[PDB]
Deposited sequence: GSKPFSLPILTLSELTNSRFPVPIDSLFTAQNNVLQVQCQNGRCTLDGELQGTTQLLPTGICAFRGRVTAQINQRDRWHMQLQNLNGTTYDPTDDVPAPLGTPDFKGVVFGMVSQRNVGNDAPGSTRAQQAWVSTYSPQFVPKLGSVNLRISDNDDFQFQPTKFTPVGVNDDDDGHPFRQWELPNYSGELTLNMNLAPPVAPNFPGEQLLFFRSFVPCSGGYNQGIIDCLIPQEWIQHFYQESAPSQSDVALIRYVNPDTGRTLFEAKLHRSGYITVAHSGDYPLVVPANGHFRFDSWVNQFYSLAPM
């Protein structure tokens, strides 16, 4: 059977699977619900949730603007899949792949390029925001509404949203990275979700790949934590190596010295635990990276951090 492996990449050579920026650091969290939908992939290469392969697709939208309403979330964007194919709301997914998986405001830019009868080929771009609290944030149903900076220079044309960062809303709705949006809006229940993840062995905590993403005002730290980085997902999708057990023991190595700094459990469904108690930002050498060691079971006892 095909041997399992990780790509060999340092933290600064990794992309966050939940927001399109590099990983900054590793962090282990005290146990308190973690159920992100981007950055979800099994070790044998099955994408889950809203996970797709392109880093530039994460928290992006593609579609057409078709209407406007007299509300702050003004511009109605009918979604396509990121690859431009028609979105099917009956698909067994929580929302179009790449849809943001947190409550907050995503800021970035919208761009348009006209087709058809009105000035075909004409383009425009400007700052925009997508609130995932909005009652018009209904990506599962096939649309989201945009806030934009200049309502007078925007048309009913093919549109792309390119994310840049996140924030709390200015009306006080907070950025909550672990709270899922309502993908079909008010009074609906999310479906086809990747399951929640949590440690299942005493003394263990989740380990995250952490980024501090851009914010657009105020003091928010911009923390987005992912379970496994995008390049690992891309690798597992390519390799599709059979999982020999429920846990891949992995070692964080300093390649300059050859030493193992600590060990961790990489679970079959695509998340990591370590043996530690308390919130702890790791501060480890810049050339460090994980390597696969061996297959173990759920009850393997890790060396403490």
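The chain's deposited sequence has unresolved stretches at 1, 34 to 35, with no C-alpha coordinates there.
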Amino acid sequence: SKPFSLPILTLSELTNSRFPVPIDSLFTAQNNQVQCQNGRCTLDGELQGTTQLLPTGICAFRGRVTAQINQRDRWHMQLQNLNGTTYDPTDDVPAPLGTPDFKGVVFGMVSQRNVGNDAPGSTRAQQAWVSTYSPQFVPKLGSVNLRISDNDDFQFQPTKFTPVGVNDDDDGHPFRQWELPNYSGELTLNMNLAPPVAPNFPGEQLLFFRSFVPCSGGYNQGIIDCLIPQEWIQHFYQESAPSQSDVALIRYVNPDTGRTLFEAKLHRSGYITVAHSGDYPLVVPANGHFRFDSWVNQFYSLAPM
From here on, numbers count along this sequence of modelled residues.
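As listed in the deposited structure, the average C-alpha B-factor of 91 to 99 and of 223 to 231 is greater for 91 to 99. Just going by the entry, 64 to 72 versus 34 to 42 on mean CA temperature factor gives the higher value to 64 to 72.
Of the candidates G218, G165, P181, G203, it is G203 whose Cα B-factor is highest according to the PDB record. Of the candidates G57, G49, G270, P242, it is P242 whose Cα B-factor is highest according to the PDB record.
Sorting the modelled residues of the chain by their CA temperature factor places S17 in the lowest third. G84: CA B factor in the highest third of modelled residues in this chain (values from the PDB entry). In the PDB entry, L282 places in the highest third of its chain by CA B-factor. For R124, the recorded CA temperature factor ranks within the middle third of the chain's modelled residues.
When the modelled residues of the chain are ordered by their C-alpha B factor, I23 lands in the lowest third.
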